[PDB]
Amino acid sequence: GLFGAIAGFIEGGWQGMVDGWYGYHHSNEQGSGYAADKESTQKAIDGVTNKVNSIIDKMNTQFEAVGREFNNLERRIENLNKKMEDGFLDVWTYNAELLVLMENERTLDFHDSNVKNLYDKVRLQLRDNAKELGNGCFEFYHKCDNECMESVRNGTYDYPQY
């Protein structure tokens, strides 16, 4: 994708993170596990929900066909009527399909963006107190217990402390 994270330098998603779209995985001497980042997840839910409702409501006012009949010597206007009704259907079909194509591409990129931004947020906290492995992970120079891990998820990781 455009932002290089999803199926990029982060090779795959996690079956094991069920409580969110984006988050953290930690491992140390006490154990390991997954923790969803609630803020970025909730921003994502709001963006996508608004998008869907925006798409629905923009296609709210749209052409409606009506039955109209014509006799055997009104063939021209009958045909005019048919081309008009058909013309508008094709226009709205085009609008609908293109909108879905375009916004689908944007929705996938949006998720990629949110993942990269979360990765950078953590990178900018850790700075040179950890090795950037190149696959989404940071290996610490110091032992980092669960309290330490939590502070990375907090935004609180006290850099000068380590």
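When you see a residue number, it is the position in the sequence shown, counting from 1.
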> Taking only the CA atoms, which stretch has the higher mean B-factor in the record, 126-134 or 59-67?
Replying inline: 59-67
> Mean C-alpha B-factor higher for 39-47, or for 109-117?
Replying inline: 39-47
> If you rank the chain by CA B-factor, which third does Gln30 end up in: lowest, middle or highest?
Replying inline: highest
> Ranked by Cα temperature factor within the chain, is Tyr141 in the lowest third, the middle third or the highest third?
Replying inline: highest
